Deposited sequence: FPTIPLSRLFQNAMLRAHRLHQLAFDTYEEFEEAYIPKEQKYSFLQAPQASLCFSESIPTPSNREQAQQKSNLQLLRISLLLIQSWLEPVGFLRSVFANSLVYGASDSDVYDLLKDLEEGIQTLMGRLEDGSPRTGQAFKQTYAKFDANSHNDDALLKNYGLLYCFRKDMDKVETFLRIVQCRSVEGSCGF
């Protein structure tokens, strides 16, 4: 009955591109309405995002062979980290000039994806484990709030990184769904 397991990979996949899209909708307009990024903004605002993991597998290549179970553990930190904002922190940070209220404003697309992406490790746990983080560790990027004339380049960053630390929760979960089931991607 709603058991086909492939639908798990589905649910997360529909919502995770549904999720690259708002982070990059919001990214796109935001930079124009404020910043001339390479005027000299790049080196003095020196990286972060989850660019440091197995630094992005994405050009088309299926992430190089690795364990079906770390792209899901090495993923869930990338989502659970934004989840430290998306709990009380409102739109005054990421208020959607481009919106639809599609689904469930921004938390519960982010929240359902980590809830549903929980049910797939509990299902792969033992034969190939030793999953590199073990004991409690929080991952909270920074936090964001409000308008000034620097504050927003504090801000910019997360609205840029939710591009660059999302090309991985979905494309890199896309690998596990076009690596761990048959068809329907290619």
Query raised in the report: For this chain, which runs of the deposited sequence have no C-alpha coordinates, given in order from the N-terminus?
Result: 1, 37-39, 191
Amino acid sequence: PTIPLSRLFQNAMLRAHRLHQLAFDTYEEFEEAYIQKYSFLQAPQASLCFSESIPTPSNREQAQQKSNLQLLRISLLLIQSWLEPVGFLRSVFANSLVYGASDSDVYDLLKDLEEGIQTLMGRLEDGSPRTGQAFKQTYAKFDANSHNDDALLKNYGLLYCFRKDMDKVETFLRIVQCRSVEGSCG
From here on, numbers count along this sequence of modelled residues.
Report task. With reference to the PDB entry, specify whether the mean Cα temperature factor is higher for 173-181 or for 9-17. Result -> 173-181
Query raised in the report: In the PDB record, does 153-161 or 139-147 carry the higher mean Cα temperature factor?
Result: 139-147
Report summary line: The residue of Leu71, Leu110, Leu77, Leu89 with the maximal C-alpha B-factor according to the PDB record is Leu89
Report summary line: By the entry's values, the third containing the CA B factor of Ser51 is the middle
Requested in this report: Pull the Cα B-factor of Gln133 out of the PDB entry and bin it into the chain's lowest, middle or highest third.
Outcome: middle
Query raised in the report: Of the three thirds of its chain by CA temperature factor, lowest, middle or highest, which one includes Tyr38?
Result: highest
Report summary line: Split the chain's modelled residues into thirds by Cα B-factor; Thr26 lands in the lowest
